[PDB]
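Peer 1: What follows is a single structure, and I will ask about it in a moment.
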RNA sequence: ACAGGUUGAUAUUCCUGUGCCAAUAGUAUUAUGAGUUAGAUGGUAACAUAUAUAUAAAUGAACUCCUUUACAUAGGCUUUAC
RNA sequence: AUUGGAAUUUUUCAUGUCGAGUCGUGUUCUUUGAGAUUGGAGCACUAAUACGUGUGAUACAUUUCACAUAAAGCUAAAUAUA
RNA sequence: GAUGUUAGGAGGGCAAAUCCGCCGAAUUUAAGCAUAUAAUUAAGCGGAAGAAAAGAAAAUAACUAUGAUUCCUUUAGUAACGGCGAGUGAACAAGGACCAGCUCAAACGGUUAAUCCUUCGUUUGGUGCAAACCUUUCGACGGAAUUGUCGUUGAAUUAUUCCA
């Protein structure tokens with residue numbers, strides 16, 4: 001029923017009011033389902049998906065706000081930081097790998113290899 | 001025995017729920033069952 | 001100048017002064033905890049030469065190992081093995097006591113740290129006391145430094161338990177080259193597997 | 001004593017902690033539950049297994065406006081809580097019964 | 001029972017005279033950060049390091065070396081009075097490690113050297129050298 | 001923590017009745033007895049004493065010393081209850 | 001447009017240097033191709049400084065000559081993969 | 001050396017075919033059996049990686065000598081080892097795959113450690129819708145280290161010639 005972009009339009013108070021409304025409606029369907037009535041049972045799936053959409057949109061917006069809050073300043077909170085392989089995280093930097101002693105720097109700069117021909 | 005453990009009680013209730021026969025509608029679009037006297041849960 | 005003087009002074013060993021100082025230091029070592037931090041190595045010259053660098057990420061640990069060999073493991077009396085096979089009183093097996101000391105620190109304190117090498121320091125007839133050079137792969141100065149930097153790669157987790165240290169190189173025979181190393185040079189495992197291997201072509 | 005540069009994680013998502021909707025799942029529909037409602041001012045509710053009595057009492061009062069003299073609970077073979085809730089004698093279970101069905 | 005070479009490092013100059021020597025040596029303190037900036041911008045000293053000091057003694061470029069006995073390895077400078085005696089150059093064995101560190105703008109120092117000074121302060125250093 | 005009742009199936013647990021227990025924060029009021037113009041009393045004694053809706057409340061620190069918890073077997077005698 | 005570095009090439013001058021309870025030897029146990037001891041290990045005794053000392057597969061003394069530079073460290077590739 | 005829920009970080013465990021270490025048997029063979037044999041195999045405990053380890057001479061040669069490592073073809077079922085019985089058993093050369101070098105350490109540099117790092121910051125680039133990464137020099141303020149970091153690879157001095 002409700003579609004993500006319409007929810008993304010909403011402010012946080014408005015989105016939460018919709019979330020609460022859906023919970024109350026969902027509960028009414030659930031009570032109805034628990035009763036001997038079969039009137040509205042199929043609609044519960046749709047509402048559960050609608051609730052899911054609300055929560056995903058609200059959480060994405062909240063996550064973006066958290067990212068906006070921790071824009072730069074070197075350190076985000078641990079699990080808002082880069083999740084990547086433990087090995088990749090451990091790994092020495094290419095920049096650091098590339099760097100070399102002054103005698104090595106002299107060797108590289110002075111003496112690179114060159115390409116060639118013959119007659 | 002007569003007194004019980006919450007984990008054991010839950011698993012036994014699960015095993016009972018699993019036990020009950022298949023929906024007949026599924027055959028329109030039953031391989032395993034236990035009987036308490038001849039088959040125990042083995043726990 | 002200074003390290004060369006200290007080297008030669010330490011090289012004689014059987015001097016009164018050296019014996020006095022060694023006995024006192026060994027006495028102190030007998031008191032101390034099994035594996036313990038030192039601020040700086042007891043012999044700078046030996047340590048520097050065994051690859052110590054006086055930087056932040058380079059750390060010293062002093063380690064206690066008991067003297068002598070030891071009986072093979074058994075039920076009560078000896079196992080039921082062949083008349084050739086007795087592990088009784090002794091076995092005199094492969095790990096040298098320096099390598100054994102490195103293993104004890106390598107499991108107990110290392111993991112965050114990585115073992116670089118270790119030097120003799122001193123001994124009596126019941127314990128040897130060794131000092132182990134250790135290094136952190138995490139810290140910025142060592143990652144930045146182009147020297148030693150290789151140790152930051154993940155293959156250097158447990159170097160002593162792969163036997164890559166000077167002690168490990170010794171008992172694997174990697175110091176030995178030439179025909180004295182003939183059955184051992186690519187590795188004891190490697191050499192034997194190459195010799196064992198039977199290689200067949202498709203058309204033979 | 002502690003005062004870190006940042007907390008471990010401050011995760012800004014909506015809570016996964018249990019809520020009124022799901023803490024109380026549904027009123028019981030049995031003849032026994034009918035008899036309890038009729039004679040002794042008691043509403044009988046199915047509730048989550050991991051629910052606790054105070055939380056059930058709070059939930060019922062939030063969803064139904066109604067106060068509980070005692071809440072007696074049981075952990076069932078079907079893996080939920082079954083709550084017998086005696087309503088306070090000022091307000092009648094029958095009125096609430098008409099509201100729930 | 002203590003061997004002479006080990007033993008000698010419980011013996012020093014007289015304490016007040018040592019303080020007087022230290023304060024005299026203080027005057028010839030090395031540079032700081034600000035001085036280096038000044039040196040670049042605008043348009044003798046106390047010598048440290050046992051490897052450098054031993055080099056100075058080999059080349060006879062020292063005048064007076066002051067050794068601490070409060071260093072944890074004393075071995076690393078144990079040979080130095082023997083060497084200095086053979087090289088016939090003034091050395092002094094002095095109690096406090098920390099104060100020698102202060103004179104070189106550090107938390108600690110093993111040995112410290114004052115290697116030759118201006119003629120007018122030379123005479124006081126010659127008196128110190130005579131005492132030593 | 002008991003007695004009676006009750007269900008198709010549970011009841012020391014549901015219901016009706018009667019109780020019992022532990023906690024029960026701060027501040028301000030109140031009532032309850034004390035003590036004051038800084039700590040009650042009797043009894044020779046063994047010992048006893050607050051009957052307030054309610055036997056509540058009978059100064060006491062550090063530091064100490066006890067006691068209950070807390071105990072075998074056998075044989076008879078005896079008292080109460082069912 | 002400054003600053004800096006490097007390689008050869010002359011001529012002088014500096015001819016310094018090279019990892020010790022380690023090598024070695026003895027002994028013991030192990031191991032191998034190692035054989036009057038190949039590698040390892042325990043223990044005992046324990047070195048020489050570069051015109052040194054480690055090698056030149058039968059123990060040794062005495063002497064050649066050739067070749068190497070231990071006792072600190074790292075390193076892609078071909079190669080292996082049930 | 002203690003102590004800290006001080007501030008920042010790391011390790012733990014799993015998975016295992018191939019890899020690297022340890023520790024480490026016997027059934028079996030000899031028509032018996034003890035040395036030898038199975039076998040430095042299996043199991044055990046550890047460590048790694050997309051390959052690992054090994055690797056730049058305390059090497060091989062005795063030639064008209066070669067010249068880091070690995071692998072193959074081979075030497076070779078040979079020298080050799082063995083109750084010289086059963087049985088075990090290399091390496092060098094040659095033909096090739098393929099090939100890559102190097103730095104600590106001493107030594108040298110004191111009218112000045114020429115070093116290093118954390119925290120705070122700050123701007124010359126570049127992407128991407130956005131998240132965000134990536135380059136980029138410049139200053140502080142803390143520390144660390146002379147019990148030795150950084151530079152240098154004999155020393156100057158000439159001419160040449162390149163690179164930043």
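Nothing in this text is a laboratory measurement; each read-out follows from the coordinates by a stated rule. All Cβ positions, even for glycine, are placed from backbone atoms using ideal geometry, and neighbour counts span all protein chains on display.
Peer 1: Efficiency by 1/(1 + (r/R0)^6): what FRET value for residue C:56 and residue E:40, r their Cβ-Cβ distance, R0 = 35 Å, to the nearest 0.05?
Peer 2: 0.75
Peer 1: How much of the DSSP beta bridge set in the protein assembly as shown is antiparallel, as a percent to the nearest 5?
Peer 2: If I count the DSSP bridges inside the protein assembly as shown, around 90 percent turn out antiparallel.
Peer 1: Let me ask another. Simple spin-label model, 7 Å along Cα-to-Cβ: residue A:81 to residue D:40 in nm?
Peer 2: With each label placed 7 Å out from Cα toward Cβ, I get 5.9 nm.
Peer 1: In what order do C:8, E:88, E:75 fall by count of nearby beta-carbon atoms within 10 Å, going from fewest to most?
Peer 2: So the residues, fewest neighbours to most, are E:88, C:8, E:75.
Peer 1: Expressed in nm², what is the orientationally averaged projection area of the convex hull enclosing the Cα positions of segment E:10-78?
Peer 2: Across all orientations, segment E:10-78 yields a mean hull projection of 7.0 nm².
Peer 1: Any idea what Rg and Dmax come out to for segment E:44-101 if you just take the C-alpha atoms, in Å?
Peer 2: That works out to 10.8, 29 Å for Rg and Dmax.
Peer 1: Would you order C:93, E:5 from fewest to most other beta-carbon atoms within 10 Å of each residue's own beta-carbon?
Peer 2: Final ranking by Cβ density, sparse to dense: C:93, E:5.
Peer 1: Given N residues in chain D, what is Rg(Cα) / (2.2 N^0.38 Å)?
Peer 2: Taking the Cα Rg and dividing by 2.2 N^0.38 Å, one obtains 1.39.
Peer 1: While we're on this one: May I ask for the distance between the Cα centers of segment C:77-110 and segment D:43-101, given as a whole number of Å?
Peer 2: Their Cα centres are 70 Å away from one another.
Peer 1: Here's another thing I want to ask about it. Could you grab the relative contact order for chain C? Cα pairs under 8 Å, six or more apart, rounded to a whole percent.
Peer 2: In percent, rounded to a whole number, it is 19.
Peer 1: Taking the Cα atoms only, what angle lies between the long axis of helix D:31-40 and the longest principal axis of chain D, rounded to 10 degrees?
Peer 2: Compared with the principal axis, the helix lies near 80 degrees.
Peer 1: Next question. Once the Cβ-Cβ distance between residue E:98 and residue B:9 is put in as r, and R0 is 60 Å, what FRET efficiency do you end up with, to the nearest 0.05?
Peer 2: 0.25
Peer 1: Then there is this: For segment A:36-96, count the residues as N, evaluate 2.2 N^0.38 Å, and divide the Cα radius of gyration by that value, please.
Peer 2: 1.98
Peer 1: If you stretched the chain out fully between residue C:195 and residue C:12, how much longer would it get, using 0.36 nm times the residue separation minus the C-alpha to C-alpha distance?
Peer 2: Result for the pair: 61.3 nm of gain on full extension.
Peer 1: Could you tell me the largest-minus-smallest coordinate of the C-alpha atoms of chain E on each of the three principal axes, in descending order and whole angstroms?
Peer 2: Result for chain E: principal-axis Cα extents of 62, 31, 31 Å.
Peer 1: Using only the alpha-carbon atoms of chain A as identical scatterers, what base-10 log of I(q)/I(0) does the Debye formula give at q = 0.10, 0.11, 0.14, 0.15 Å⁻¹?
Peer 2: Log10 I(q)/I(0), no solvent term: -0.62, -0.67, -0.84, -0.89.
Peer 1: Going out from 0 in 10 Å bins, what whole percent of all Cα-Cα distances in the protein assembly as shown drops into each bin?
Peer 2: Calculated P(r), rounded to whole percents: 2, 9, 12, 13, 12, 11, 11, 11, 9, 6, 2, 0.
Peer 1: What distance in nm separates the two pseudo spin-label positions at residue C:138 and residue D:16, each 7 Å out from Cα along the beta-carbon direction?
Peer 2: 2.7 nm
Peer 1: Then there is this: What is the order of D:31, A:25, fewest Cβ neighbours within 10 Å to most?
Peer 2: D:31, A:25
Peer 1: Run through every distinct alpha carbon pair of segment C:2-109 and return the Kirkwood hydrodynamic radius in angstroms, one decimal place.
Peer 2: 17.4 Å
Peer 1: Say each of residue B:17 and residue A:12 gets a label point 7 Å from the Cα, pointing the same way as Cα to Cβ; how far apart are those two points in nm?
Peer 2: 3.7 nm
Peer 1: Could you tell me the calculated FRET efficiency between residue A:90 and residue D:94, based on Cβ-Cβ distance and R0 = 56 angstrom, to the nearest 0.05?
Peer 2: The computed FRET efficiency comes out at 0.25.
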